[PDB]
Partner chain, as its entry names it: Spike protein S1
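Just the one chain here, laid out as structure tokens, in the form deposited without the partner chain.
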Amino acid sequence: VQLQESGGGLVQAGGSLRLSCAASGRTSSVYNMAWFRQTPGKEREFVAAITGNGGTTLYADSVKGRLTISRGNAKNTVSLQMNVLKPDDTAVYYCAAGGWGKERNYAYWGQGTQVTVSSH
């Protein structure tokens, strides 16, 4: 199983981005999926997660009411709607799958997509 991300980029503060992630390869399960983020010299930190059936979500406090995680239509797809972005949201964002909770013990990881939020 491999994970591919899209939707990153450079955006002005107050703007919005929608990150997307999709599993490729034969998956034998519907997985829980998550997003983490990493700034230079620091660790990947939890942002949000959603269970396989879409019924349960978990969010870091710093993004509550601004970021919303959801499942996509295809099997093992997830989106992260990022609104009201701030410069501190600048990071590489990683999709993960196969796990639960806020630690980095998820079985599958994407290779990251850069988000940069700039004042304008």
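Numbering follows the first chain given and starts at 1.
There is another form of the same protein, the form solved in complex with the partner chain; it is not shown, and what comes next is about it.
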Site test, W35, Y59 and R66 vs the partner chain in the deposited complex, non-hydrogen atom cutoff 4.5 Å: no
With a cut-off of 4.5 Å between heavy atoms, is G52 one of the residues that contacts the partner chain in the deposited complex? yes
Any non-hydrogen atom of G99 within 4.5 angstroms of the partner chain in the deposited complex: yes
Distance check, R104 to the partner chain in the deposited complex, heavy atom within 4.5 Å: yes
Look up in the deposited complex whether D88 has a non-hydrogen atom within 4.5 angstroms of the partner chain, and give yes or no. no
For the stretch 33 to 48, I need every residue with any heavy atom inside 4.5 Å of the partner chain in the deposited complex, listed N to C. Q38, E43, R44
